[PDB]
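Notes to accompany the following structure.
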Amino acid sequence: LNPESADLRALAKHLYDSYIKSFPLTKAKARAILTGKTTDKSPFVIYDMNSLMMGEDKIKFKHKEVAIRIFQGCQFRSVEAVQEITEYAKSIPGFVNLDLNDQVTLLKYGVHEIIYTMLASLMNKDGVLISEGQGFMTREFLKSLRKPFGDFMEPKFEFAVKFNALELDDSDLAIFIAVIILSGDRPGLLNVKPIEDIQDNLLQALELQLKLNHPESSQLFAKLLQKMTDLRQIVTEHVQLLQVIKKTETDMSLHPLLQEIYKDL
Amino acid sequence: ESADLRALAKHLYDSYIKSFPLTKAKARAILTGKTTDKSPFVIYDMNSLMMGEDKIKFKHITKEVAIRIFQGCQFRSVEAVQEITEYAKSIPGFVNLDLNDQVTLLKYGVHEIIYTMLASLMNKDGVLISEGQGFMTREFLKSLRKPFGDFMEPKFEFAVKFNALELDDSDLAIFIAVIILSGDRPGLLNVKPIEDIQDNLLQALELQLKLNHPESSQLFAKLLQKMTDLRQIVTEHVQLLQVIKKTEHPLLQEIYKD
Ligand SMILES: CCO[C@@H](Cc1ccc(OCCn2c3ccccc3c3ccccc32)cc1)C(=O)O
């Protein structure tokens, strides 16, 4: 009972491998930090303006009002995430061989669904790890920021809490993330079929990977695919929120790379 | 256990055939002409509608066209909700769930099922109407007023892609059941039995596809991702209904409260 299964495991290993090489902060590490293990250090916790302030010292993170400072923080980290995801996509067999326009298109629409997915790896009901895991910002501090900014994270936490319920590990994510990138239903693709063939193979690999890694958790495959609905809505609420800041913060600059992704859509 | 899954599949199918008079198999027969017996009356332009309103009885008439057409789509939806409701009752486990959860699962699942089955009565040029007696063109629909001109366009968008999967009634019966037993509907009181049931339905669906479409074993996954396509359309629709909520009897408003 090991026919084409071999091919699929091989692909799984390949992606898991690229994933480790493309993302310095994996779920496994973020968990060792959040559950107080001994393989990792403990984070500094920001829960208020006061705490935040000592955090500048204690943490330091490559960086006028607090809300905007934090907002500018996510942008920089998001930009970095895009770089990592772009580097990971290139390792997906067949991706770099597709039409360049479509490669740009798949990344344009796939990058955020992947950022929030992976962002769940650094979250628990109470907060989120920051500065490569050196810090932890509580859900509450974030939910209290100035009128518009404090509404950015709550829906991510809500998704994270439900998504983490599936209890997936980095090896599962590597494939699932690869499925998201290769979506032949993205607006403006010029050559859908090639893209779909790849995703089809990825899907078979993820299906096998979920049965083998979570034998007791039946229909995990079915439940995970359904999670896409949550992702799309997160993206939507987010862009609208961005529209608001753009008209209320005329002195604020949205990172060019982010402007290009968010552009048309 | 495979035999139990096939049994569940036959049961849902037999029940589907009894709750939905106009099946996909029948509909496809009418759309391709495989049944020249009774071809449908076409409604391509303003003039034909007027004539069709005379030919076909249409039980939704009491004069601005665009609205009349909409009230028709609503009347049919209310009927569809009763059919779906009778079908759900036959899904093993459903009636044993808490009553409030039954109502909840139906309340949030009828739209998804309606548009799913609507795909069955459509092709790129139009949708079959009034029990198959008619056929309203896609172009005629597009060419409607402001808030109405883009009411159905989204459904046709979905329909063409959904019909690409080439599913038949026995596949749909299981798929529809899966959509009903969704454990993530807001306000549920006892999620465990719901997901337990969906679990079994997905197993039955997975086997049904592999047997009924041996030459395309990724179909299950593809079918599942179409479920998210459905939720988006339901979002766009309720949203549009608000742009319509902007006006367009009080006893009638009660019947179509939703
Ligand atoms: C601000 C615009 O939001 C982004 C999306 C986005 C939103 C929130 C978000 O939360 C993470 C914040 N975040 C930080 C915030 C301040 C300082 C460091 C980090 C940090 C370090 C490592 C990892 C994460 C980190 C990460 C990305 C976009 O629109 O592309």
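Sequence lines set the chain letters: A, B, ... in the order given, protein chains first and strands last, and positions in each chain run from 1.
Panel note: side chain B:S77, backbone B:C73; a donor-acceptor pair is recorded below 3.5 Å. The closest donor-acceptor contact from the side chain of B:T23 to the backbone of B:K26 lies under 3.5 Å. The closest donor-acceptor contact from the side chain of A:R146 to the backbone of A:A67 lies at 3.5 Å or more, if one exists at all. A donor-acceptor contact shorter than 3.5 Å is absent between the side chain of B:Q225 and the backbone of A:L225. Of the possible polar contacts, one joining the A:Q72 side chain to the A:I68 backbone as a donor-acceptor pair under 3.5 Å is found. Within the 3.5 Å criterion, the main-chain N or O of B:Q208 finds no donor-acceptor partner in the side chain of B:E206. A donor-acceptor pair under 3.5 Å is formed between the side chain of B:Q242 and the backbone N or O of B:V238. A donor-acceptor pair under 3.5 Å is absent between the side-chain atoms of A:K193 and the main chain of A:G184, judged by distance alone.
When only modelled atom types and interatomic distance are considered, B:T104 and B:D101 share no side-chain donor-acceptor pair under 3.5 Å. Residues A:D99 and A:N101 have side chains that bring a donor and an acceptor to within less than 3.5 angstrom of each other. B:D168 and B:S170 share a side-chain donor-acceptor pair at under 3.5 Å. With 3.5 Å as the limit, one finds no donor-acceptor pair spanning the side chains of B:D169 and B:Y13.
The pair B:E83-B:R76 counts as a salt bridge, with a side-chain nitrogen and a carboxylate oxygen less than 4.0 angstrom apart. A salt bridge does not link A:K223 to B:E195: none of the charged side-chain nitrogens sits closer than 4.0 Å to a carboxylate oxygen. We find that A:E154 and A:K125 are not joined by a salt bridge, their nearest charged nitrogen and carboxylate oxygen being 4.0 Å or further apart. Using a 4.0 Å cut-off between a side-chain N of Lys or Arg and a carboxylate O of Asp or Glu, B:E86 and B:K89 do not qualify as a salt bridge. A salt bridge links A:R232 with A:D185; the closest basic N to acidic carboxylate O contact falls under 4.0 Å.
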- In sequence, state the C-alpha distance, the side-chain angles, and the governing distance for B:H60 and B:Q74, and then conclude on side-chain contact (heavy atoms from CB on, under 4.5 Å). CA-CA 9 Å; B:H60 69 70; B:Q74 289 304 303; over 6 Å; no
- Could you go step by step and tell me if B:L121 and B:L22 meet the side-chain contact (heavy atoms from CB on, under 4.5 Å) rule? CA-CA 9 Å; B:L121 311 194; B:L22 178 42; 3.8 Å; yes
- Message: Assess the residue pair A:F159 and A:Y116 against the criterion (ring pair (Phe, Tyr, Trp, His ring centres under 6.0 Å)); give the C-alpha distance rounded to whole Å, side-chain angles, the decisive distance to 0.1 Å, and a yes or no.
- Response: CA-CA 9 Å; A:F159 165 80; A:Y116 304 134; 8.2 Å; no
- Decide yes or no on side-chain contact (heavy atoms from CB on, under 4.5 Å) for B:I233 and B:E236, but give the supporting numbers first. CA-CA 5 Å; B:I233 308 310; B:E236 296 166 47; 3.7 Å; yes
- Task: Would you check, one step at a time, whether the test side-chain contact (heavy atoms from CB on, under 4.5 Å) holds for A:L145 with A:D151?
- Result: CA-CA 8 Å; A:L145 295 171; A:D151 299 4; over 6 Å; no
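In this structure, B:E166 places its CD atom where only 12 or fewer heavy-atom neighbours from other residues, nucleotides or ligands lie under 6.0 Å away. The local environment of NZ in B:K57 is crowded, with over 12 non-hydrogen atoms from other residues, nucleotides or ligands closer than 6.0 Å. A 6.0 Å sphere centred on CD of A:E249 holds more than 12 heavy atoms belonging to other residues, nucleotides or ligands. Annotation: B:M51, atom CE; neighbour count of heavy atoms from other residues, nucleotides and ligands within 6.0 Å does not exceed 12. Within a 6.0 Å sphere centred on CD of B:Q239, heavy atoms belonging to other residues, nucleotides or ligands number 12 at most. When the shell of 6.0 Å around CD of A:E260 is examined, it contains 12 or fewer heavy atoms from other residues, nucleotides or ligands.
Looking at B:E64 and B:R68, their side chains never come closer than 4.5 Å, going by heavy atoms from C-beta outward. At a threshold of 4.5 Å between non-hydrogen side-chain atoms, the residues A:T229 and B:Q232 count as touching. Within the 4.5 Å cutoff, the side chain of B:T137 has no heavy atoms near those of the B:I43 side chain. Two residues are said to be in side-chain contact when any heavy atoms from C-beta on lie closer than 4.5 Å; B:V127 and B:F156 meet this criterion. Using a 4.5 Å heavy-atom threshold, the side chains of B:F175 and B:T116 count as touching. Within the 4.5 Å cutoff, side-chain heavy atoms of B:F140 are placed close to those of B:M136. Between B:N123 and B:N163, every side-chain heavy-atom pair lies at or beyond the 4.5 Å cut-off. Using a 4.5 Å heavy-atom threshold, the side chains of A:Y109 and A:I261 count as separate.
Taking NE2 from B:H249 and OG1 from B:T62, the interatomic distance works out to 9.0 Å, rounded to the nearest 0.5 Å. Taken to the nearest 0.5 Å, the CD1 atom of B:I84 stands 4.5 Å off from the CD1 atom of B:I114. The line from CD of A:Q259 to NZ of A:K246 is 6.5 Å long, rounded to the nearest 0.5 Å. Atom CG of residue B:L167 and atom NZ of residue B:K24 lie 5.5 Å apart, to the nearest 0.5 angstrom. Residue B:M50 holds its CE atom at 13.5 Å from NZ of B:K55, rounded to the nearest 0.5 Å. Summarising the geometry, atom CG belonging to B:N200 is positioned 10.0 Å from atom CG belonging to B:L181; distances are rounded to the nearest 0.5 Å.
When ring centroids are compared, B:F151 and B:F70 come within the 6.0 Å threshold. In this structure, the ring of B:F135 has its center no less than 6.0 angstrom from the ring center of B:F41.
What you find for B:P40 and B:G134 is that their closest heavy atoms are CB-O, 3.8 Å. The heavy-atom pair separating A:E113 from A:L231 by the smallest distance is O-CD2, 3.3 Å. Here the shortest heavy-atom pairing between B:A88 and B:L106 reads CB-CD2, 3.9 Å. B:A159 and B:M122 get closest at one heavy-atom pair: CB-SD, 3.6 Å. The shortest non-hydrogen separation linking B:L201 to B:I174 is O-CG2, 3.5 Å. In terms of heavy-atom proximity, B:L172 sits nearest to B:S120 at CD1-OG, 3.8 Å.
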